[PDB]
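Single chain ahead, by itself, as structure tokens, in the form deposited in one PDB entry.
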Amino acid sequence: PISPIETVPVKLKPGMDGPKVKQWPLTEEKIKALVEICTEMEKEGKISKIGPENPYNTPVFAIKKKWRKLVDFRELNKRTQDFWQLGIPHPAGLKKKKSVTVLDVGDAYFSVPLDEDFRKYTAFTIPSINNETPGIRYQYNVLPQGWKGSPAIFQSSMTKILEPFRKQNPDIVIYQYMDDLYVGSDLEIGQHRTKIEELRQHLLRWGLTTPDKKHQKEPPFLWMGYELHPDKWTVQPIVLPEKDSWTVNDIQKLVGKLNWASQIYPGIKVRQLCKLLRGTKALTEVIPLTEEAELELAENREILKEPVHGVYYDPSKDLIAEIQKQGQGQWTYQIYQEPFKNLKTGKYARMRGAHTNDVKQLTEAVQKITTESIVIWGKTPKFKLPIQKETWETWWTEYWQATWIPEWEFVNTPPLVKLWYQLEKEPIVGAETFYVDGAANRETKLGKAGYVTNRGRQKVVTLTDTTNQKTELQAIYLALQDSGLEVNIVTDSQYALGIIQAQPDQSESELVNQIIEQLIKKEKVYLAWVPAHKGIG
């Protein structure tokens, strides 16, 4: 039945008025059923008949999943004010429980009273055979299914009702999600059982009932692709649809699941399969799997055959986070308390953008790990990073941007991340000095790039279809190429000033990457910038 709870004042968005959608026309069979069903709801007090003084209306339908009504609140919702859960708990953050019992509060929505002032907008109508006499008209006295505000109001009411019980029994954990109530504890099975029944009766006090064993959920719990088991959690089986004909669409869907899975199974690859999309003309276009795609799709099936399980959180144990550099711009990490008993795993992908470096990327992965850790375990892990303290100290104390890594420790697990090179702080004595320069016609795109050294050496190339920036970077490239293991290079390029400060080791620009590789080849490189057009050849 309806419960003696205080209703929540609810109102339509400022300005707008209640919905007025015309009632869809129904057949004899549809009407007959609705009439039946609504006669039931009206008796229970759920809905109440209304006279045409109510100008509002919403369309009701009849669907068989015996018949069952359905109200389309799309319009009313659009007009309903806004409310303030959309942050889901992650398995790795739950604490092991001796027992977990799940109570159902399904038709509790129809157990929570609606704001008597708002009820009027909820009006709907029951049509007649065809287009004759006026139909039956009702309105809700309780939170209706499908309305924007139901979930929120329900949640809040539930919280209020649970407050006293939560207080009396602090050693009991309740988690509400949808119309399920997950009650867990470490009490003795008999004691736990006893408390549930008390809770149950406490709820019954407020009208909210509970069903029979018929539909009583029991572990494992299938939740958001995870499998909740009492001692540990596993990942729900990821199956790859073994077919022979693959459409563009099919491929994309595949790449999706596979990308999601790479988090748990760090071995997954989709490059060879993510080439099958090149130049595709239609979503339904059929693509022949290349041999390399067969090989790739094949191995992933094996990987995904393996069972991967994680364990739960133990607050009495510290948090460890270990990171690995899978390749350039790719990182893997695992968070555990006991070695090999992972609470959570994951991986990070990067675009390399305009220009970064490995150490910088390392810090970013740390930050992301740190944040999610705080969200899940309210604590920040102790890090184990594949980088020496030496390298770190040499990089951050000089980097132009503020940066930091919480308490961490060096772990000798190859390949260690390191500084690929370091520009000299002072010019190299007894090294050739290249004065590089590049100029381009912004419109004709005809450029020239070259250099001249104190050593008398010189060169100049003519570039076709080029920009100014390129002729600049190109001049710097030529010097790097034509020089020895030690070089001094002066340029008036604003961009060189960029790499001086940041000394990146990965760029989006291929030219920059060319340069970086050259920069790495040398033993000593001193890069100097000077004002352009200032007659300082």
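C-alpha atoms forming the largest set that superposes within 1.5 Å between two forms make up the rigid core. Counting begins at 1, following the sequence as shown.
From this point on, the text means the form deposited in another entry, which you will not see here.
- Residue showing a CA shift of 2 Å or more between the shown form and the other one (rigid core superposed; candidates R457, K167, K160, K389): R457.
- For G149, a C-alpha deviation below 2 angstroms is recorded between the shown form and the other one after rigid-core alignment.
- When two forms of a protein are overlaid on their rigid core, residues whose CA moves 2 Å or more are considered shifted, and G353 is one of them between the shown form and the other one.
- Fitting the two forms on the rigid core leaves the C-alpha of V429 displaced by at least 2 angstroms between the shown form and the other one.
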